[PDB]
Amino acid sequence: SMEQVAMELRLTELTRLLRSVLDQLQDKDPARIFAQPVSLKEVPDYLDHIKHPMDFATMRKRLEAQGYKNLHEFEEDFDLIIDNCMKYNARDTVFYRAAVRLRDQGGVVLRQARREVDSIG
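What counts and how
Residues numbered from 1 in each chain as written, not as in the entry; some residues may be left out. Heavy atoms only, no water. Residues with missing side-chain atoms left out of burial classes, pairs and counts. Helix = DSSP H or I, 4+ residues; strand = E, 2+ residues; numbered from the N terminus. Contact = heavy atoms within 4.5 Å. Axes fitted to C-alpha atoms, helices over the stretch in contact; angles between N-to-C directions. Parallel < 35°, antiparallel > 145°, perpendicular 65-115°, else oblique. Left-handed = near helix turned anticlockwise from the far one by under 90°. Buried < 20%, exposed > 50% of the residue type's maximum accessible area, 1.4 Å probe, protein only. Salt bridge = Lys/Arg side-chain N within 4 Å of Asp/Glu carboxyl O.

For this deposition, the record names X-ray crystallography as the technique by which the model was determined and cites 1.5500 Å as its resolution.

The following block contains the structure:
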């Protein structure tokens with residue numbers, strides 16, 4: 001139907017805007033700490049600690065399959081990246097500190113993304 005196409009165009013355009021948001025958030029991680037999944041070869045106990053691992057490559061795979069229906073879903077995954085790190089790693093670590101900086105810097109980006117998602121519909 002024409003309605004299904006219109007909905008699909010909206011989803012495509014959201015995917016466009018979330019791709020730009022993803023690029024901007026990932027620039028706030030220049031050390032690439034959050035670029036890839038935590039390696040279960042290198043951190044064999046990880047899933048005992050963290051039940052829903054997340055990372056920017058895994059988000060990008062979902063994004064490109066148009067798997068985020070709304071900004072809330074995308075933000076859920078971004079928060080998992082930060083929150084998982086802040087639990088597994090101690091406060092005095094470069095990992096934790098990276099996550100704090102990413103959260104703080106990403107907040108700005110996500111604040112305007114919400115306005116654009118509402119504004120453009």
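Text resumes after the structure shown.
Caption draft 1: Representation of the overall build of the chain in the model. A count of helices and strands for the chain gives 5 helices and 0 strands. Start at the N end of the chain and walk to the C end: the helices and strands fall as α-α-α-α-α. Reported as C-alpha extents along the three principal axes, the dimensions of the chain are approximately 50 × 30 × 20 Å. Considering only residue pairs separated by 6 or more positions, the chain has 64% of its internal contacts joining residues 24 or more positions apart.

Caption draft 2: Quick peek at the packing of helix α1 (residues 2–27) against helix α4 (residues 71–88). Two elements in contact, α1 and α4, have axes whose closest approach is 12 Å; the angle formed by their N-to-C orientations is 20°. What the angle tells us is that α1 and α4 run roughly parallel. Of the two elements, α1 crosses α4, and the hand of that crossing is right-handed. Here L18, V21, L22 and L25 of α1 lie close against α4, whose contacting residues are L71, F74 and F78.

Caption draft 3: Molecular detail of the environment of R114. Note on placement: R114 falls in helix α5 (residues 94–120). Between the alpha carbons of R114 and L71 there is a distance of 7.3 Å; along the sequence they are 43 residues apart. Beyond its immediate chain neighbours, meaning those up to four positions away, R114 contacts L71, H72 and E75.

Caption draft 4: Highlighting the environment of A90. Mapped onto the elements, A90 comes out in the loop between α4 and α5. Residues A90 and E73 lie 17 residues apart in sequence; the distance between their C-alpha atoms is 27 Å.

Caption draft 5: Broad picture of the environment of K87. Residue position: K87 is located in helix α4. A residue is classified by how much of its surface remains accessible, and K87, at 63% relative accessible area, is exposed.

Caption draft 6: Spotlight on the pattern of salt bridges. Following the criterion strictly, the structure yields 6 salt bridges and no others. Across the pair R60 and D23 runs a salt bridge, and its minimum N-O distance is 3.0 Å. One end of the pair, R60, is in helix α3 (residues 56–64); the other, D23, is in helix α1, and 37 residues separate them in sequence. Judged by relative accessible area, which is 26%, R60 ranks as partly exposed. With a relative accessible area of 34%, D23 lands in the partly exposed category. Residues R62 and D77 are paired through a salt bridge, measuring 3.4 Å at the closest nitrogen-oxygen approach. Of this pair, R62 sits in helix α3 while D77 sits in helix α4, placing them 15 residues apart in sequence. Judged by relative accessible area, which is 8%, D77 ranks as buried. Overlapping salt bridges bring together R62, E73 and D77 as one network.

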